[PDB]
Amino acid sequence: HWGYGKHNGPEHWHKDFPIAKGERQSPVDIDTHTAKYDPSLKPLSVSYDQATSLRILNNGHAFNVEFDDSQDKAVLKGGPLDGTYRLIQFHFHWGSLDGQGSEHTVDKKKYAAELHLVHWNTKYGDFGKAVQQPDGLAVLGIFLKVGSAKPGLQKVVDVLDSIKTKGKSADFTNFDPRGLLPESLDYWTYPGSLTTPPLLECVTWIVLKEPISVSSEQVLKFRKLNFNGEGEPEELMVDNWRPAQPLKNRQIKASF
Ligand SMILES: Cc1ccc(S(=O)(=O)NC(=O)Nc2ccc(S(N)(=O)=O)cc2)cc1
Ligand SMILES: Cc1ccc(S(=O)(=O)NC(=O)Nc2ccc(S(N)(=O)=O)cc2)cc1
Ligand SMILES: [Zn+2]
């Protein structure tokens with residue numbers, strides 16, 4: 001029962017997940033003046049036209065929009081990546097207030113939320129094998145700031161009251177994740193980990209520079225979700241983010 005409380009939050013995780021103190025933990029602060037342009041980076045290719053979303057699940061930590069990943073529909077290629085990575089799910093991390101919520105920071109700036117689109121390397125056959133490899137996953141990170149509404153997000157916001165508590169799910173077909181992307185695909189990249197237990201060091205992070213804007217009313221509905229299950233004391237699902245971890249022996253590269 002790791003979580004985000006004072007009793008089971010990020011400072012406690014290492015007792016059951018010792019890799020929490022590892023050499024390649026995520027997220028990190030992105031120091032823009034230390035990140036270096038890398039002309040070796042190939043163009044980023046986000047091919048989401050044939051995505052098949054399935055369902056939305058409150059897993060007690062966040063909510064995941066899940067995709068059919070039984071073939072190469074929605075894939076991520078290029079950039080720092082070797083080969084093809086299949087979209088399996090996306091989720092967010094967000095704050096109790098607009099001044100915090102993201103996992104990555106940018107010159108110590110916290111955004112209100114962060115979107116994670118999670119992909120696994122098809123050369124390993126399935127997600128479970130992919131998370132045993134140092135290049136098994138690619139996660140596309142996108143910051144959210146509060147301002148104008150994001151039309152592409154409203155369908156997500158409107159289904160949240162049907163998955164308020166842990167373990168609830170709902171059908172969520174025909175959702176196009178292309179409506180959650182910013183205009184620019186300029187990014188930073190570095191080798192890292194999952195940001196929740198099991199904290200496996202298997203991820204190529206690709207963090208877009210340009211945030212998307214969402215409205216106050218949209219993120220307010222995120223904050224009405226619960227960490228708890230039905231019939232249990234209500235604990236609002238807020239501040240489900242891990243803070244920045246030591247960069248150690250890593251270089252963040254800029255595509256721009
Ligand atoms: C009912 C059903 C089951 C399986 C599929 S599928 O096309 O094989 N897709 C699939 O398994 N997707 C999927 C599986 C696990 C996860 S998860 N649990 O890592 O969020 C996330 C996404 C499709 C429909
Ligand atoms: C060995 C193993 C594999 C998979 C799981 S799981 O719980 O089904 N999957 C899982 O945790 N997926 C996952 C976790 C964190 C992130 S994130 N936030 O780095 O984008 C993205 C995705 C648990 C244990
Ligand atoms: Zn995440």
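Basis for what follows: all heavy atoms, side chains included, without hydrogens, waters or symmetry-related copies. Numbers for residues simply follow the sequence, beginning at 1. For ligands, and for the atoms within them, numbers begin at 1 and follow the listed sequence.
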Asks: Run the numbers for me: atoms of ligand 2, each under 4.0 Å from some heavy atom of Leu200, listed by number.
Replies: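 By the 4.0 Å cutoff, the relevant atoms are 1 (C).
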Asks: Please output the residues near ligand 1 using a strict heavy-atom distance under 4.0 Å, listed in chain and residue-number order.
Replies: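 Ligand 1 is contacted, at a heavy-atom distance under 4.0 Å, by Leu54, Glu66, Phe67, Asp68, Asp69, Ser70, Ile88.
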Asks: Is it the case that the side chains of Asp38 and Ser40 hold a donor-acceptor pair, with the cut-off being a distance below 3.5 Å and no angle test?
Replies: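 Short answer, yes.
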Asks: Do NZ/NE/NH1/NH2 and the carboxylate oxygens of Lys73 and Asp68 come within less than 4.0 Å?
Replies: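 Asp68 and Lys73: salt-bridged.
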Asks: Test question: given the 4.5 Å side-chain rule for I, L, V, M, F, W and Y, name all other residues clustered with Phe256, or answer none.
Replies: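 Members besides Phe256, by chain and number: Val28, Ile30, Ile88, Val106, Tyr111, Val118, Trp120, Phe127, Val131, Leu137, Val139, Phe143, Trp188, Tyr190, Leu194, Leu200, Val203, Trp205, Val207, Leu247, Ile252.
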Asks: How about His93 and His116: are their ring centres within less than 6.0 Å of each other?
Replies: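 That pair passes the under 6.0 Å test.
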Asks: Taking the six-membered ring for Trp and the single ring otherwise, decide whether the centroids of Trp241 and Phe92 are under 6.0 Å apart.
Replies: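 No.
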Asks: Which of the numbered atoms in ligand 2 are below 4.0 angstrom from a heavy atom of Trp205?
Replies: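 Contacts of ligand 2 toward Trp205, numbered from 1: 19 (O).
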Asks: Might you confirm whether atom NZ of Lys155 has over 12 heavy atoms from other residues, nucleotides or ligands at distances under 6.0 Å?
Replies: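 No, because the 6.0 Å sphere around NZ of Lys155 holds 12 heavy atoms or fewer from other groups.
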Asks: Can you confirm whether the side chains of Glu234 and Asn226 place a donor and an acceptor under 3.5 Å from each other?
Replies: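 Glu234 vs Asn226: donor-acceptor pair found between side chains.
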Asks: Any chance you could lay out the salt bridge (charged side-chain N to carboxylate O under 4.0 Å, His left out) test for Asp72 and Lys77, step after step, and finish with the verdict?
Replies: CA-CA 11 Å; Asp72 273 1; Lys77 312 178 66 33; over 6 Å; no
Asks: Go through the steps for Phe90 and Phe175 under the test ring-ring contact (aromatic ring centres under 6.0 Å, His included), then give the verdict.
Replies: CA-CA 12 Å; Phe90 68 75; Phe175 181 80; 5.7 Å; yes
Asks: Report the residues that fulfil salt bridge (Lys or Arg N to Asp or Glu O under 4.0 Å) with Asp82, sequence neighbours left out, ordered by chain and then residue number.
Replies: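 Once residues adjacent in sequence are excluded, the partners of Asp82 under the salt bridge (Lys or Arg N to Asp or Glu O under 4.0 Å) criterion are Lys123.
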Asks: At less than 4.0 angstrom from any non-hydrogen atom of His93, what atoms of ligand 2 do you find?
Replies: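 Result: 18 (N).
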Asks: In the protein, how many N/O/S atoms are under 2.8 Å from the Zn ion (ligand 3)?
Replies: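 For the Zn ion (ligand 3), protein nitrogen, oxygen or sulfur atoms under 2.8 Å: 3.
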Asks: Less than 6.0 Å separating the ring centroids of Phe63 and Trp94?
Replies: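 Under 6.0 Å, so yes.
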Asks: Which atoms of ligand 2 sit under 4.0 Å from any heavy atom of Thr196?
Replies: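 The list of qualifying atoms is 14 (C), 15 (C).
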